[PDB]
Amino acid sequence: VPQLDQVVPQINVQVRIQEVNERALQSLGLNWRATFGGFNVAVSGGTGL
Amino acid sequence: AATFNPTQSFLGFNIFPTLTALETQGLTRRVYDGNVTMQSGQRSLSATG
């Protein structure tokens, strides 16, 4: 009995959960259309020449 | 796909060309680095809800 009735420790546990997220985007595009004699040229990003 | 018409006759030569060209590139990366701290004879946990 004296051993099963002793004081046991009391504790405080701290847990920290961190989460950080970062993003970065960069677009750039030229999209033209030239018309000289007889010719018709169109340059884009989706379709090419 | 060539045809001939013996009843009519075009004037001169016409060529009516059309060009198309496309190029593309891509590159996807995805990386993970995970740590876990544990013990030697560690057992699983049965919570599972």
Side-chain angles (χ1 to χ4, degrees):
Chain A
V1 167
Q3 213 274 350
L4 298 179
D5 193 31
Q6 52 187 23
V7 167
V8 297
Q10 177 162 242
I11 55 155
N12 190 276
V13 184
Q14 185 151 25
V15 181
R16 177 168 178 116
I17 303 174
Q18 293 179 176
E19 203 177 6
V20 188
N21 284 270
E22 294 163 324
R23 277 186 307 100
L25 176 73
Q26 266 270 9
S27 298
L28 180 50
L30 202 54
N31 180 297
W32 41 279
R33 179 172 74 75
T35 60
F36 51 107
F39 287 91
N40 196 326
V41 180
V43 162
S44 74
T47 309
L49 182 57
Chain B
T3 58
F4 180 59
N5 197 340
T7 53
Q8 293 179 356
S9 188
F10 291 111
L11 269 194
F13 184 91
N14 288 327
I15 192 59
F16 285 108
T18 301
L19 181 64
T20 298
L22 182 50
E23 208 199 20
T24 316
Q25 211 166 70
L27 182 135
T28 312
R29 291 188 229 271
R30 188 164 211 136
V31 179
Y32 286 111
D33 291 331
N35 307 276
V36 188
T37 303
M38 61 186 98
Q39 325 280 322
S40 288
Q42 198 166 291
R43 297 175 179 267
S44 65
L45 165 74
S46 62
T48 73

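Sequence lines set the chain letters: A, B, ... in the order given, protein chains first and strands last, and positions in each chain run from 1. Computation of the quantities below employed the complete heavy-atom set of this structure, encompassing side-chain atoms and omitting hydrogens, waters and symmetry-equivalent molecules.
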With sequence neighbours excluded, what pairs up with A:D5 under the side-chain contact (heavy atoms from CB on, under 4.5 Å) test?
->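 side-chain contact (heavy atoms from CB on, under 4.5 Å) list for A:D5, sorted by chain: empty.
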Between B:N5 and B:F10, is any pair of side-chain heavy atoms under 4.5 Å apart?
->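 SC-SC contact between B:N5 and B:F10 ruled out.
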Note, B:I15 side chain near B:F13 side chain (heavy atom, < 4.5 Å) |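 Yes, at least one pair of side-chain atoms sits under 4.5 Å.
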Cluster question for you: counting only ILVMFWY and a side-chain heavy-atom cut-off of under 4.5 Å, with indirect links fine, are A:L49 and A:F39 together?
->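 As far as the 4.5 Å side-chain criterion goes, A:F39 and A:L49 are connected within one cluster.
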Given the rule that I, L, V, M, F, W and Y join up when any side-chain heavy atoms are under 4.5 Å apart, are B:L19 and A:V43 in one cluster?
->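 Shared cluster, yes.
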Give me the contact list for residues 26-42 of chain B versus chain A, heavy atoms only, anything under 4.5 Å, ordered by residue number.
->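 Residues in range: none.
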Without hydrogens or angle criteria, can the side chains of A:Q18 and A:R16 be said to hold a donor-acceptor pair below 3.5 Å?
->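 Side chains of A:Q18 and A:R16: pair found under 3.5 Å.
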